[PDB]
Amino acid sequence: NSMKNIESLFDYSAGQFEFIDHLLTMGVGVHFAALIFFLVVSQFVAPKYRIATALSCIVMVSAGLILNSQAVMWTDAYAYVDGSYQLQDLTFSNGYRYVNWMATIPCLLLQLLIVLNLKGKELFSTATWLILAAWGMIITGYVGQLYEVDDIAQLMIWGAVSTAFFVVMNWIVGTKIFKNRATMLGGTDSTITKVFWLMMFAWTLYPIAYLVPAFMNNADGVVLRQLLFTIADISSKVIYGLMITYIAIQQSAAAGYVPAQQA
């Protein structure tokens, strides 16, 4: 599965290779550092919204484990031989990120629907359609990147299908946001709209990294992809979770929950 990604096609200078290593290991620290934050502030969240901060904790560990896994796979697969790091074993692939997205994405959507104050039949119903839409997006995206070396044509086609799901997923999310923001407390009706636009931006970096094989097929394209993934992870998971947390607390305060009001 690794011989199918462009990471296996190139040698890397010590600078390119250590930069990629430091990106992944930094992501681990950021994610686990934020996990502690979400764990601490959970006590300041009303039971109605407390599940939202817990799903962030799940996202943080899910991300940190796979970034940690990627970092160790990166240093196992390459060895500095004759002035460059060269592939040794076949143990590094990006497919492990797509497995991470399969898990974290439902949690990210869930935490959104919860602070939107959906409940009951609508929560279950809206969650089912979004998760299925997201899984169709992720799965077709995973199949396309298997061809990122061999058949760029198939990458583009599977990329097109994946984007169809992505567009439908966003129209559902946005529609639920704009039709349910008048229900949000403490002024969080204004914050949620900005969260939606934070999503649009952060999530759109992924398909751009997905296309790096097609417009920058060299060792600097590999660095660029990881840099885009790192920016995207931090905004779609950390910053997004922080703002979800703030909305969960603000509404808890406006709802009379004392620990939130005292914070």
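Don't overthink the numbering: it's just position in the shown sequence, from 1. Take the two forms, superpose them, and find the largest set of C-alpha atoms that agree within 1.5 Å; that set is the rigid core.
Core-fitted comparison in 7 other deposited structures of this protein shows that, between 72-80 and 86-94, the CA atoms farther from the shown form belong to 86-94. Across the two stretches, 69-77 and 92-100, the PDB entry reports the greater mean Cα temperature factor for 92-100. Averaged over Cα atoms, the B-factor as recorded in the entry is higher for 251-259 than for the other of 13-21 and 251-259. Across 139, 155, 109, 115, the greatest Cα temperature factor reported in the deposited entry is at 155. When the C-alpha B-factors of 131, 172, 164, 149 are ranked from the entry, the top spot goes to 149.
When all modelled residues of the chain are sorted by CA temperature factor, residue 215 is found within the highest third. Split the chain's modelled residues into thirds by C-alpha temperature factor. Residue 190 is in the highest one. Ranked against the other modelled residues of its chain, the C-alpha B-factor of residue 221 as given in the entry falls in the middle third. Among all modelled residues in its chain, residue 85 ranks in the middle third by Cα B-factor. Among the modelled residues of the chain, residue 230 sits in the lowest third by CA temperature factor in this PDB entry.
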